[PDB]
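Chain naming here is simple, since letters A, B, ... match the order of the sequence lines and numbering starts at 1 in each.
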Amino acid sequence: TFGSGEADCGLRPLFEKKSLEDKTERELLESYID
Amino acid sequence: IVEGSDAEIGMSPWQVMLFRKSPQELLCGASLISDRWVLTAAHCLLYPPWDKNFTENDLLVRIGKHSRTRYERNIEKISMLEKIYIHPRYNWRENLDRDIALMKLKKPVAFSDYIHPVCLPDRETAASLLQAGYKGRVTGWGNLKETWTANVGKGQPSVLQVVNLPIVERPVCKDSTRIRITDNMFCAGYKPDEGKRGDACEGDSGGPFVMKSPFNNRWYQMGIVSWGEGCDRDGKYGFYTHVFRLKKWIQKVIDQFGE
DNA sequence: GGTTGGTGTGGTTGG
Ligand SMILES: *C[C@@](*)(O)[C@H](CCCNC(N)=[NH2+])NC(=O)[C@@H]1CCCN1C(=O)[C@H](N)Cc1ccccc1
Ligand SMILES: *[C@@H]1O[C@H](CO)[C@@H](O)[C@H](O)[C@H]1NC(C)=O
Ligand SMILES: [K+]
Ligand code: NA
C-alpha cells in the first residue's frame with residue numbers, strides 16, 4: 001500500500017506552505033517558458 | 001554534486017540518505033515518496049561487477065538530514081528496511097538500464113518540516129516538463145570533484161548540496177557517450193558553449209532529479225541520479241533513470257499489498 | 001559526550 005502523504009506531496013513545509021520561494025526555484029520556472 | 005551550493009534547510013525534505021550499518025558509511029542518496037516508501041537507484045544495492053549485493057539488514061535510511069555527518073538529533077529519522085525491491089529487468093551488465101529500486105520501511109515515518117514526500121509524475125507532468133532546455137534540480141551529499149585522481153578542494157561537503165540543470169536533447173545525450181543509452185534514461189547538464197556548470201557525481205546515485213510544476217506548484221521527481229563519465233566534464237552529461245517511463249512497475253509494487 | 005560538533009546547553013533538537 002502507498003501509505004500516507006500522496007495528496008500533500010511536493011509541497012514543502014518551509015517553502016510553498018508558507019508562501020516562500022527558495023533561492024533558485026525561479027530559475028527552473030524561467031527555463032519552462034517557450 | 002559538483003558546482004552546486006549548500007541547500008537551504010527544508011529545501012529537499014524528500015531527500016534520503018542510504019546508510020551502510022557496518023562499517024558506517026554514507027552509500028547513496030534516495031528519495032521519500034510516502035510515509036513508508038523510498039526510491040533509489042538499483043546500482044546502490046546491487047552491482048555485481050564491483051561485488052556489491054546489499055541486503056535489507058545491511059542498510060539504514062536517514063530521513064530529514066542536512067549535515068552529511070553529524071547525527072541531527074530529534075530531526076532526522078533513522079529507519080530499517082522491511083524489504084528491497086529491485087526492478088526485475090535492471091541491466092547491471094550493460095548500461096544500468098532501469099537503474100531503479102523501491103525500499104519499504106519497517107515502520108512508517110512521521111512527517112515534519114524536514115520530512116515530506118515528493119510527488120511521482122503522471123503523463124501530463126512528464127509530457128509538459130520533460131523537454132530539452134527545461135531545468136531540473138539535483139541534490140546530494142556526493143562528491144564535489146572527481147576524487148579518483150588528484151584535484152584541489154574538499155572531496156565531500158559538510159552539508160547537502162543542490163544544483164539546477166537543463167535536460168538535454170536525446171541525440172546529444174546519445175552522441176556524448178559510447179555506453180548504449182535507453183528510453184529509460186535521460187541526460188541533463190549544460191553544454192560547453194553555455195558557460196554554466198554542474199553535475200551529479202559519485203555518491204549522488206539514488207538522489208532525485210526534481211522539477212516544480214507551474215500548474216499546481218508541487219515538486220515532482222522525474223529522474224534518479226544513475227550514472228555518468230567523470231563529473232562535470234565538457235561534452236559529457238549526467239544520466240538519470242526516467243521515473244515516469246518505469247511508473248507502471250512502481251505502482252505495481254507499491255499498490256500490491258493492502259497492509 | 002552521546003543512533004554527533006561546538007559560537008554549545010540552543011540549534012534544523014532533549015538532556
Ligand atoms: C552509484 C552512483 O553513485 C553513481 C552516480 C554517478 C553519476 N555521475 C555523473 N557524472 N552524473 N553511478 C556510478 O558510479 C555508476 C555505477 C557503475 C559505474 N557508474 C558510472 O556512472 C560509470 N562512471 C559509467 C558506467 C559504467 C558501467 C555501466 C554504466 C555506466
Ligand atoms: C545477492 O545475494 C543474495 C543472497 O545474499 C543472493 O541470493 C542473490 O542471488 C544475490 N544476487 C546476485 C549476486 O545476483
Ligand atoms: K548537544
Ligand atoms: Na558536462
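If you take NE2 of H116(B) and P of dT12(C), they are 21 Å apart, rounded to a whole angstrom. One can place CD of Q24(B) at 11 Å from P of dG2(C), the figure rounded to the nearest angstrom. Between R73(B) atom CZ and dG11(C) atom P there is a gap of 16 Å when expressed in whole angstrom units. Rounded to a whole Å, the CZ atom of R12(A) is 15 Å from the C1' atom of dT12(C). Atom CZ of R70(B) and atom P of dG14(C) are 13 Å apart (whole Å). As a whole-Å value, the separation of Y71(B) OH from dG5(C) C1' is 15 Å. The nearest whole Å value for the distance from the CG atom in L26(B) to the P atom in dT4(C) is 14 Å.
The side chain of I9(B) lies closest to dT12(C), out of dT13(C), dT4(C), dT12(C).
Spacing between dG11(C) and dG1(C) at atom P, rounded to whole Å, works out to 23 Å. Of the P atoms belonging to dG2(C) and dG8(C), the separation is 23 Å, rounded to the nearest Å.
To the nearest 0.5 Å, atoms CG (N53(B)) and CD1 (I86(B)) are separated by 7.5 Å.
Residue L14(A) is classed as having no contact, given no heavy-atom separation below 4.0 Å to the nucleic acid.
Using cut-offs of 30° and 60° for the angle between ring planes, the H116(B) and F111(B) rings count as tilted.
Looking at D255(B) and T1(A), their side chains never come closer than 4.5 Å, going by heavy atoms from C-beta outward.
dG10(C) has its base syn relative to the sugar, with a glycosidic angle deviating from 0 by at most 90°.
Side-chain atoms of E72(B) and base atoms of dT13(C) include no donor and acceptor less than 3.5 Å apart. For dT4(C), the base has no donor-acceptor partner in the side chain of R68(B) [N/O atoms by modelled type, under 3.5 angstrom].
With respect to the salt-bridge test (charged N to carboxylate O, under 4.0 angstrom), the residues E94(B) and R180(B) qualify.
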